[PDB]
Every structure is written in structure tokens, then in C-alpha cells.
Number of protein chains: 2
Amino acid sequence: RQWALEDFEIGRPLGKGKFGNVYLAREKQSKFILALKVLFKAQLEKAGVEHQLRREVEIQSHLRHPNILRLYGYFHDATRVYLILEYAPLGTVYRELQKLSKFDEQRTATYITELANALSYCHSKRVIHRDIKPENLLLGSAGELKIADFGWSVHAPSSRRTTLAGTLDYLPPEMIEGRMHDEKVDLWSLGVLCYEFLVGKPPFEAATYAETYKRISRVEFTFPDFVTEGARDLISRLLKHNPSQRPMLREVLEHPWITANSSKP
Amino acid sequence: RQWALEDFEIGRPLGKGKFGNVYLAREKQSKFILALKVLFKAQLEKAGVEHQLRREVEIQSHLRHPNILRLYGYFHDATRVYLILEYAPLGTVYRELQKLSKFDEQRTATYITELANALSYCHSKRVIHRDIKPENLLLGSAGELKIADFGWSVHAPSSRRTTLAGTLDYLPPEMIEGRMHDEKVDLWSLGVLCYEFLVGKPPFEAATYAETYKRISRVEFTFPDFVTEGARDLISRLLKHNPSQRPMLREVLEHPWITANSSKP
Ligand SMILES: Nc1ncnc2c1ncn2[C@@H]1O[C@H](COP(=O)(O)OP(=O)(O)O)[C@@H](O)[C@H]1O
Ligand SMILES: Nc1ncnc2c1ncn2[C@@H]1O[C@H](COP(=O)(O)OP(=O)(O)O)[C@@H](O)[C@H]1O
Ligand SMILES: [Mg+2]
Ligand SMILES: [Mg+2]
Ligand SMILES: [Mg+2]
Ligand SMILES: [Mg+2]
Ligand SMILES: [Mg+2]
Ligand SMILES: [Mg+2]
């Protein structure tokens, strides 16, 4: 319908990002529990990202996959926009990592499997996330991982330009077939996560922003002793400077270390 | 300053795009001739491209190169936005091609040289145009080519995301060093132009939009008999399906066919 605020009972904050203030909510007629992600219009306008929010809604709302958070709808008033999200009751992977410091191999491999299933669904539909990180990985009621926060995602086949439908005559194949953007970006992220999950720190961590930038551009990481051979092999394959040398998701899902340790298919 | 409409005397239309209605104009205090590109706010909003206009202004206004059209400033009222452009007195390459049907080798090579100089300036600053085509190539007072219409251009180092300055920890090298976008897109365009300039038709031309899409994705072009060996070599090198096999601009500028025929350094 055209949902509005008065259709919901509001509960506690679930989390805060740079932009979203997310609240537990209950729809009044159904008593169905969900999450409201609230954004300030003034802040969206000041940062120049109103377009991104539009894309977050257009792209996420159409995805259907158990490892991807549903977005059900939206509404707005004079000062705010409200996104109606599936409620993830077990929090963020970020918070679980604060709690446990580091994950064992079985938990890590299980998370990587679920993330790779979600990203293969996305990438097969030309959706690229571009913001994979622990705070945007939520946990459902059986502890299964759910990708969320499609703020920076892209989907060339539904892009503004594609919809304008200009002449193709001067455009290369990569652009006309909605292949303009590189999905390998998400594969790097997956490697960063797998390392961080096992080690408790991301591979390119440093004091300053400048030192961090250097570490990443040079791919300067090392492994602690306890990281096993199989885990080193997978991380090393994902963290390639050259995007085209990073593996297909099918190779992540079938990696021997993954298949030996993952509890999920 | 804050220019407004009443600072200008308006003359004849210079051209029309999908969005810009461009007019000859004279600044009243100086009597300096320039062009006003006028956009309708309602149309920008309906097509969802207000962000692109912002980027057109931010990126173009800072470029300084004789083969790139200057953008001097902008202003707006209730229904319109006005871009203050350098006036190109000799029209579009599109119109010259309608007039002559096809260009000889010296004119073609000269245009390709000027375009490649302009694009090497851009690409060295991480500016990618993404809309190179004859209607967006203007002619200055000595018949020199000027790239224009930065509607679809990108410049990652000044992008909204870069300015937000989030954590780098999960992002690959390509993204943190503002290398996220592929400049090879413009090289393909240059190949399409070189063919069209010599032949009078673009290489992938077909009746329908669907047939055109196929021709491009399969790179199905052939040469007429009169296209010389040197020209075939350059076009063939630019029109590669794989973006990474397309040559550097320095190889275009130093191509033997280019250097034998071009009147410009
Ligand atoms: N559906 C949800 N269920 C539970 N908590 C959520 C949900 N969506 C977001 N959160 C929490 O709110 C935070 C911010 O939400 P997010 O959509 O990532 O906003 P932003 O776009 O500002 O990063 C998340 O990191 C998480 O802590
Ligand atoms: N500075 C200029 N001097 C002369 N003619 C121009 C100038 N700018 C644009 N034109 C003409 O107006 C047309 C539309 O302008 P353009 O900026 O390309 O608009 P759009 O963004 O709608 O494609 C050009 O193809 C050309 O015919
Ligand atoms: Mg987030
Ligand atoms: Mg976000
Ligand atoms: Mg965002
Ligand atoms: Mg144009
Ligand atoms: Mg344009
Ligand atoms: Mg445009």
C-alpha cells in the first residue's frame, strides 16, 4: 500500500550507520515484527547521495534469496525516509566478532559459504554490492548470514542510463550488455572477511588512513602461525591485486577448506 | 559571481540534445560571446539524472585543455539550470559529416589526434567521458576539435563516496586509488569514430536496436575496399571485445597511419 508511520508500533534501536537509524517495529494489524531504517532527507541531500538511496530501494526490493535481507517497501514524510526491512533478530557479524574475538574454522567457513551463495545470486543478475563488511552482515533466527545495506550497489540493466535508452552505436560491448561494472570487487571483500573472521583483525589494518591505503594497494598482509594451509590458500586466491585473477564464486564454494569445514551446502 | 539570465543577451539556438537546449549568448558588460546550455529541472528530475548534471559541472569546470570545451559557471531559476559554456563557432563534427558524407585521411587523422590528446589529458586525471560521439565533438574557430557534454563522465577521486571518506579496510586497490572505472570505454568510441569518419557510417549500424546490439557484442564489422591498410590496423586495434587488449592512447598518437596523415602534433 502506501504505508505510513502510524501503521507501526516502534521499539528499541537495533543499530546506527552513518545514515540509517534502524528501529524495531511492529505492524499494527498483523503484529508482524520488522525493522525500520530511517534516513534524514537533509543529511542525504547534504552528502549528495539521494540517488544511492533510490538505487538501494530499487535493487534490494527485487532480490529473493535466503541469505539476502528483504526490503518490503518504503515511505517518507517531510524530514525522513523510512525503509521497511526484514528484521534480523541475532544482530550483526560485527557484534559477534566483538563478542568472540575470532571465529573457528567451521563458523568462518559456514559464513563464507552463505555469503558466496548470496553474492552468486547477486552477480548472476548483474547486482554488485560494493559495501560488504561485518556491520552489513546480519544474522537471522537460525544464525544464518544475511547481506544487507545495498546503499552502494549497482545494477547496470536497470540503471538511469539504460532506462534512457540512448543510441548504442558508440558504446563498447561491456556497456551495452550491462556488464559495465566489475563484480570482482566483492570477491576481494570476501577475502578480507575470511581473514578477519579467523584472525580477529582485517589483513590491511594500520593506525592511520594513509598507512592503510598503502597496505591495501601493495597487498601487504601476512598470516599468523595458527592460520591453516587451506585457509591461507583461499585467502591468498581472493586477495589478488589484479581483479581478473580473483576466483569465481564457484571455486570459493567448492574450495576443499570450505567443504571440509562448512556446515551449510 | 552569481551570474543570472539578465546578464546575457540571447541569440539563436546552436543545438539541441535530449536535455540541453543550447543558445548563443553575449555577456552584457564584456560583449563576450559564449553558449548557454539550458536544462529543465522537471525533465532532469523525471529522468532521474540530477546527479549527472552536478557531476558534468564539477568535472568539466576544472579541466584545462585546448581540445576540451571550457565550462565557466552555472546558475538556475525556478524551472531551469543554465550552464555557461565556451562557444564553439564551427559547429559539431556530426554536422560536418552530414555535409561531407565522409572525411579524407588527413582530416580523420587530425581529428583522431586531437581527440586522443584530449582523452589522454582526461584519463591521466582519472576522468572518463563515456559519451564520445560526433554530436558531442564541437569545432573551434580554427576548426580544432573540442570534446564536450560531460553528462556521463566520472572522476572517482572527487566522487560522492570518496568525499564521504568511509573505511578502506574492505575495499580492493582498484577502488581506493580512484581506479574503479575503466577508461578503455573511450578507446572503443575512438575506434567507432575513426571508422565512421572514413566510411560515412558507424561500423555496427543496423536497422533495429536489437540487430545493433548483436553486431556490437559480436564485434561484427567489415571494411569497404577503399579503407587503407594503416586505417584498418588502427581501427582493428581499437575495436577489441576485451577492454584490456585495446591500446594505450600513446599508441594511437604514434600510430604510423596517424603520424603520416595528421596535420596536428
Ligand atoms: N534489518 C535489520 N535488523 C536488525 N538490525 C539491523 C537491520 N538493518 C540494520 N541493522 C543495524 O543497523 C545498522 C545500520 O543499518 P544500515 O542499513 O547498514 O545503515 P547505513 O546505510 O547507514 O550503513 C546495521 O549495521 C545494524 O547494526
Ligand atoms: N558550446 C557550444 N557551442 C556550440 N554549439 C553547442 C555548444 N554546446 C552544445 N552545442 C550544440 O548543442 C547540442 C546539445 O548540447 P549537449 O551539451 O551535448 O546537450 P545534451 O547533454 O542534451 O546531449 C550539441 O550537440 C551541439 O549541437
Ligand atoms: Mg551499513
Ligand atoms: Mg549504507
Ligand atoms: Mg550509503
Ligand atoms: Mg550531447
Ligand atoms: Mg549529455
Ligand atoms: Mg546526460
# chains A, B, ... in the order shown; residues from 1 in each chain; ligands from 1
>>> residues_near_ligand(ligand="ligand 7", cutoff="12 Å", atoms="only C-alpha atoms and all ligand atoms", output="ChimeraX atom specification")
/A:161,164,166 /B:16-22,37-39,44,49-50,52-57,129-133,135-137,147-153
>>> residues_around(residues="residue B:173", least_positions_apart="4", cutoff="10 Å", atoms="only C-alpha atoms", output="PyMOL selection string")
(chain A and resi 185+188+213-219+239-243) or (chain B and resi 168+177-180)
>>> select_by_dssp(residues="stretch 84-133 of chain B", states="alpha helix (DSSP H)", output="PyMOL selection string")
chain B and resi 93-100+105-124
>>> residues_around(residues="residue B:248", least_positions_apart="5", cutoff="12 Å", atoms="only C-alpha atoms", output="PyMOL selection string")
chain B and resi 116-117+119-120+123-124+183-188+190+234+237-238+243+253-255
>>> write_last_selection(atoms="C-alpha atoms", output="PDB file, in the first residue's frame")
ATOM      1  CA  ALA B 116      43.384  11.377 -28.296  1.00  0.00           C
ATOM      2  CA  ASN B 117      45.221  14.393 -26.859  1.00  0.00           C
ATOM      3  CA  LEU B 119      41.316  11.955 -23.780  1.00  0.00           C
ATOM      4  CA  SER B 120      44.892  11.431 -22.582  1.00  0.00           C
ATOM      5  CA  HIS B 123      42.369   9.757 -18.420  1.00  0.00           C
ATOM      6  CA  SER B 124      45.620  10.861 -16.764  1.00  0.00           C
ATOM      7  CA  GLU B 183      38.938   4.223 -19.360  1.00  0.00           C
ATOM      8  CA  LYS B 184      39.156   1.703 -22.218  1.00  0.00           C
ATOM      9  CA  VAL B 185      35.486   2.513 -22.904  1.00  0.00           C
ATOM     10  CA  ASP B 186      36.586   5.772 -24.530  1.00  0.00           C
ATOM     11  CA  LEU B 187      39.163   3.897 -26.722  1.00  0.00           C
ATOM     12  CA  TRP B 188      36.406   1.782 -28.265  1.00  0.00           C
ATOM     13  CA  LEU B 190      37.559   6.454 -30.767  1.00  0.00           C
ATOM     14  CA  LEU B 234      44.285   1.277 -36.104  1.00  0.00           C
ATOM     15  CA  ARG B 237      43.277  -2.485 -32.592  1.00  0.00           C
ATOM     16  CA  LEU B 238      40.677  -0.159 -31.013  1.00  0.00           C
ATOM     17  CA  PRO B 243      38.810  -3.850 -22.982  1.00  0.00           C
ATOM     18  CA  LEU B 253      49.084   9.157 -31.241  1.00  0.00           C
ATOM     19  CA  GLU B 254      52.213   7.407 -32.533  1.00  0.00           C
ATOM     20  CA  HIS B 255      50.420   5.076 -34.961  1.00  0.00           C
TER      21      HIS B 255
END
>>> select_by_dssp(residues="stretch 75-118 of chain B", states="strand (DSSP E or B)", output="ChimeraX atom specification")
/B:75-76,80-85,92
>>> write_last_selection(atoms="C-alpha atoms", output="PDB file, in the first residue's frame")
ATOM      1  CA  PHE B  75      23.087  29.385 -12.407  1.00  0.00           C
ATOM      2  CA  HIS B  76      19.468  28.329 -12.021  1.00  0.00           C
ATOM      3  CA  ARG B  80      15.799  25.810 -15.409  1.00  0.00           C
ATOM      4  CA  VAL B  81      19.507  25.323 -14.944  1.00  0.00           C
ATOM      5  CA  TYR B  82      21.904  27.202 -17.176  1.00  0.00           C
ATOM      6  CA  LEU B  83      25.472  26.115 -17.947  1.00  0.00           C
ATOM      7  CA  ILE B  84      27.859  28.825 -19.176  1.00  0.00           C
ATOM      8  CA  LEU B  85      29.989  27.237 -21.911  1.00  0.00           C
ATOM      9  CA  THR B  92      29.608  19.760 -34.484  1.00  0.00           C
TER      10      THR B  92
END
>>> closest_residue(among="B:121, B:103, B:195, B:87", to="chain A", atoms="only C-alpha atoms")
B:195
>>> closest_residue(among="B:58, B:45, B:77, B:233", to="residue B:6", atoms="only C-alpha atoms")
B:77
>>> closest_residue(among="B:226, B:167, B:110, B:126", to="ligand 1", atoms="only C-alpha atoms and all ligand atoms")
B:167
>>> closest_residue(among="B:118, B:207, B:63, B:97", to="chain A", atoms="only C-alpha atoms")
B:207
>>> atom_distance(atom1="atom CA of residue B:209", atom2="atom CA of residue A:175")
14.6 Å
>>> residues_around(residues="residue A:88", least_positions_apart="5", cutoff="12 Å", atoms="only C-alpha atoms", output="PDB file with N, CA and C atoms, in the first residue's frame")
ATOM      1  N   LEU A  14      17.914  -0.799  16.850  1.00  0.00           N
ATOM      2  CA  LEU A  14      18.621  -2.019  16.522  1.00  0.00           C
ATOM      3  C   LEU A  14      20.063  -1.720  16.132  1.00  0.00           C
ATOM      4  N   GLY A  15      20.313  -0.508  15.661  1.00  0.00           N
ATOM      5  CA  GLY A  15      21.635  -0.156  15.190  1.00  0.00           C
ATOM      6  C   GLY A  15      21.627   1.222  14.547  1.00  0.00           C
ATOM      7  N   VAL A  22      18.134   2.580  12.697  1.00  0.00           N
ATOM      8  CA  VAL A  22      17.261   1.446  12.457  1.00  0.00           C
ATOM      9  C   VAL A  22      16.570   1.048  13.755  1.00  0.00           C
ATOM     10  N   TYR A  23      15.251   0.825  13.673  1.00  0.00           N
ATOM     11  CA  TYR A  23      14.409   0.611  14.841  1.00  0.00           C
ATOM     12  C   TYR A  23      13.626  -0.678  14.684  1.00  0.00           C
ATOM     13  N   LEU A  24      13.450  -1.392  15.804  1.00  0.00           N
ATOM     14  CA  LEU A  24      12.461  -2.456  15.842  1.00  0.00           C
ATOM     15  C   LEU A  24      11.058  -1.858  15.702  1.00  0.00           C
ATOM     16  N   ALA A  25      10.215  -2.551  14.942  1.00  0.00           N
ATOM     17  CA  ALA A  25       8.875  -2.077  14.677  1.00  0.00           C
ATOM     18  C   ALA A  25       7.915  -3.248  14.539  1.00  0.00           C
ATOM     19  N   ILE A  33       6.660  -8.434  13.210  1.00  0.00           N
ATOM     20  CA  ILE A  33       7.849  -7.702  13.622  1.00  0.00           C
ATOM     21  C   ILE A  33       8.747  -7.498  12.407  1.00  0.00           C
ATOM     22  N   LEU A  34       9.275  -6.272  12.251  1.00  0.00           N
ATOM     23  CA  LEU A  34      10.228  -5.947  11.201  1.00  0.00           C
ATOM     24  C   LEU A  34      11.152  -4.811  11.644  1.00  0.00           C
ATOM     25  N   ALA A  35      12.003  -4.318  10.731  1.00  0.00           N
ATOM     26  CA  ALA A  35      12.878  -3.215  11.084  1.00  0.00           C
ATOM     27  C   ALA A  35      12.594  -2.019  10.182  1.00  0.00           C
ATOM     28  N   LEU A  36      12.610  -0.815  10.782  1.00  0.00           N
ATOM     29  CA  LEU A  36      12.525   0.452  10.079  1.00  0.00           C
ATOM     30  C   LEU A  36      13.880   1.126  10.048  1.00  0.00           C
ATOM     31  N   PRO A  66      17.516 -16.498   0.533  1.00  0.00           N
ATOM     32  CA  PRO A  66      17.533 -16.643   1.994  1.00  0.00           C
ATOM     33  C   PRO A  66      18.717 -15.980   2.695  1.00  0.00           C
ATOM     34  N   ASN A  67      19.793 -15.703   1.956  1.00  0.00           N
ATOM     35  CA  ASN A  67      20.969 -15.075   2.538  1.00  0.00           C
ATOM     36  C   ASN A  67      21.048 -13.607   2.149  1.00  0.00           C
ATOM     37  N   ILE A  68      19.921 -13.035   1.697  1.00  0.00           N
ATOM     38  CA  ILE A  68      19.827 -11.607   1.419  1.00  0.00           C
ATOM     39  C   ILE A  68      18.629 -11.017   2.165  1.00  0.00           C
ATOM     40  N   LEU A  69      18.865  -9.942   2.925  1.00  0.00           N
ATOM     41  CA  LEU A  69      17.781  -9.295   3.652  1.00  0.00           C
ATOM     42  C   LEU A  69      16.741  -8.722   2.691  1.00  0.00           C
ATOM     43  N   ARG A  70      15.464  -9.038   2.951  1.00  0.00           N
ATOM     44  CA  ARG A  70      14.349  -8.479   2.210  1.00  0.00           C
ATOM     45  C   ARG A  70      14.132  -7.005   2.543  1.00  0.00           C
ATOM     46  N   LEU A  71      13.791  -6.220   1.517  1.00  0.00           N
ATOM     47  CA  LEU A  71      13.261  -4.882   1.719  1.00  0.00           C
ATOM     48  C   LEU A  71      11.859  -4.891   1.147  1.00  0.00           C
ATOM     49  N   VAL A  93      27.290  -9.585  12.246  1.00  0.00           N
ATOM     50  CA  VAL A  93      28.514 -10.342  12.349  1.00  0.00           C
ATOM     51  C   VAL A  93      29.560  -9.491  13.065  1.00  0.00           C
ATOM     52  N   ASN A 136      27.349  -4.871   7.850  1.00  0.00           N
ATOM     53  CA  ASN A 136      26.260  -5.014   6.892  1.00  0.00           C
ATOM     54  C   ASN A 136      25.949  -6.483   6.642  1.00  0.00           C
ATOM     55  N   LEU A 137      26.424  -7.344   7.551  1.00  0.00           N
ATOM     56  CA  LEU A 137      26.066  -8.753   7.536  1.00  0.00           C
ATOM     57  C   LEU A 137      25.281  -9.058   8.803  1.00  0.00           C
ATOM     58  N   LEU A 138      24.006  -9.413   8.614  1.00  0.00           N
ATOM     59  CA  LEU A 138      23.064  -9.571   9.711  1.00  0.00           C
ATOM     60  C   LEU A 138      22.822 -11.066   9.881  1.00  0.00           C
ATOM     61  N   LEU A 139      22.244 -11.427  11.028  1.00  0.00           N
ATOM     62  CA  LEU A 139      22.054 -12.806  11.417  1.00  0.00           C
ATOM     63  C   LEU A 139      20.569 -13.046  11.630  1.00  0.00           C
ATOM     64  N   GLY A 140      20.043 -14.039  10.927  1.00  0.00           N
ATOM     65  CA  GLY A 140      18.645 -14.418  11.084  1.00  0.00           C
ATOM     66  C   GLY A 140      18.433 -15.378  12.248  1.00  0.00           C
ATOM     67  N   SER A 141      17.213 -15.911  12.361  1.00  0.00           N
ATOM     68  CA  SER A 141      16.777 -16.552  13.593  1.00  0.00           C
ATOM     69  C   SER A 141      17.460 -17.902  13.811  1.00  0.00           C
ATOM     70  N   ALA A 142      18.061 -18.514  12.781  1.00  0.00           N
ATOM     71  CA  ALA A 142      18.846 -19.731  12.957  1.00  0.00           C
ATOM     72  C   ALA A 142      20.340 -19.424  12.842  1.00  0.00           C
ATOM     73  N   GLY A 143      20.730 -18.161  13.036  1.00  0.00           N
ATOM     74  CA  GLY A 143      22.121 -17.756  12.925  1.00  0.00           C
ATOM     75  C   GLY A 143      22.666 -17.729  11.490  1.00  0.00           C
ATOM     76  N   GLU A 144      21.780 -17.763  10.475  1.00  0.00           N
ATOM     77  CA  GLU A 144      22.233 -17.718   9.090  1.00  0.00           C
ATOM     78  C   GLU A 144      22.523 -16.266   8.689  1.00  0.00           C
ATOM     79  N   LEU A 145      23.622 -16.072   7.944  1.00  0.00           N
ATOM     80  CA  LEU A 145      24.059 -14.757   7.490  1.00  0.00           C
ATOM     81  C   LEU A 145      23.156 -14.209   6.374  1.00  0.00           C
ATOM     82  N   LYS A 146      22.889 -12.905   6.467  1.00  0.00           N
ATOM     83  CA  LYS A 146      22.093 -12.149   5.503  1.00  0.00           C
ATOM     84  C   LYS A 146      22.819 -10.847   5.154  1.00  0.00           C
ATOM     85  N   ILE A 147      23.108 -10.692   3.853  1.00  0.00           N
ATOM     86  CA  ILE A 147      23.674  -9.466   3.310  1.00  0.00           C
ATOM     87  C   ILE A 147      22.597  -8.396   3.346  1.00  0.00           C
ATOM     88  N   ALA A 148      23.018  -7.172   3.660  1.00  0.00           N
ATOM     89  CA  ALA A 148      22.135  -6.025   3.786  1.00  0.00           C
ATOM     90  C   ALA A 148      22.876  -4.757   3.355  1.00  0.00           C
TER      91      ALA A 148
END
>>> closest_residue(among="A:256, A:48, A:230, A:134", to="residue A:202", atoms="only C-alpha atoms")
A:134
>>> atom_distance(atom1="atom 18 (O, counted along the ligand's line) of ligand 2", atom2="atom CA of residue A:154")
25.7 Å
>>> atom_distance(atom1="atom CA of residue A:115", atom2="atom CA of residue A:99")
20.5 Å
>>> closest_residue(among="B:114, B:251, B:182, B:9", to="chain A", atoms="only C-alpha atoms")
B:182
